[PDB]
Amino acid sequence: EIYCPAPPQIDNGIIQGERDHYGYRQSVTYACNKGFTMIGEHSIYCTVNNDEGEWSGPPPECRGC
């Protein structure tokens, strides 16, 4: 099983129930902290190409206020 690199953390937001390992097509969901507005995708998933794991795209951003 190919594993993606650890999902990226974001400023003023969290990963909902982060797992130890992420495999093909497994997804990580983000949530912004109280007072912050999410701008971007609510979640990203593990893409697997040429035997290397890679996240589908960048994590969302949490902008304040």
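Residues numbered from 1 in each chain as written, not as in the entry; some residues may be left out. Heavy atoms only, no water.

Brief notes about the UniProt feature "disulfide bond" in the protein chain
In this structure the UniProt-annotated cystine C4-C46 is intact, with an S-S distance of 2.0 Å. In this pair, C4 sits in the segment before strand 1 (13-15) while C46 sits in strand 4 (residues 43-49), placing the two residues 42 residues apart along the sequence. Taking relative accessible area as the criterion, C4 reaches 9% and is therefore assigned buried. Taking relative accessible area as the criterion, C46 reaches 0% and is therefore assigned buried. (Disulfide = S-S within 2.5 Å. UniProt positions renumbered as here; feature names shortened; annotations may be inferred. Helix = DSSP H or I, 4+ residues; strand = E, 2+ residues; numbered from the N terminus. Buried < 20%, exposed > 50% of the residue type's maximum accessible area, 1.4 Å probe, protein only.)

Re the sheet that holds strand 2 (residues 27-32)
One open sheet accounts for four strands, arranged 1-2-4-5; its pairing is antiparallel. Since the sheet does not close on itself, it has two edges, and those belong to strand 1 and strand 5 (52-55), each with one partner. Along the sheet, successive strands turn relative to each other by an average axial angle of 25 degrees, direction set aside. For strand 1 and strand 2, the ladder comprises three bridges, and the chain directions are antiparallel. Looking at strand 2, one finds that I15 is bridged to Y30. (Pairing = 2+ DSSP bridges. Axes fitted to C-alpha atoms, helices over the stretch in contact; angles between N-to-C directions.)

Remarks on the pairing of strand 5
Covered by surrounding structure in strand 5 are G53 and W55 only, the residues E52 and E54 on the alternate face being uncovered. Between strand 4 and strand 5, which pair antiparallel one after the other, the connecting turn spans two residues, and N50 there sits at a positive phi close to 40 degrees.

Some points on the nonpolar core
Listed in full, the 10 residues of the largest apolar core are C4, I10, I15, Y22, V28, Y30, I44, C46, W55 and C62. Counting residues per element, the ones that place at least two in this core are strand 2 and strand 4. (Core = buried A, V, L, I, M, F, W, Y, C linked by side-chain atoms within 4.5 Å.)

Focus: the packing of aromatic side chains
Summed over all chains, the structure comprises one aromatic pair. Between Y22 and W55, the aromatic rings sit 5.4 Å apart at their centres with planes inclined by 70 degrees, giving edge-to-face as the arrangement. Taken together, the residues span a long stretch of sequence, with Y22 in the loop between strand 1 and strand 2 and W55 in strand 5 at a distance of 33 residues. Using a relative accessible area of 3% as the deciding quantity, one classes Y22 as buried. (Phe/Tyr/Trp six-rings, centres within 6.5 Å; stacked < 30°, edge-to-face > 60°.)

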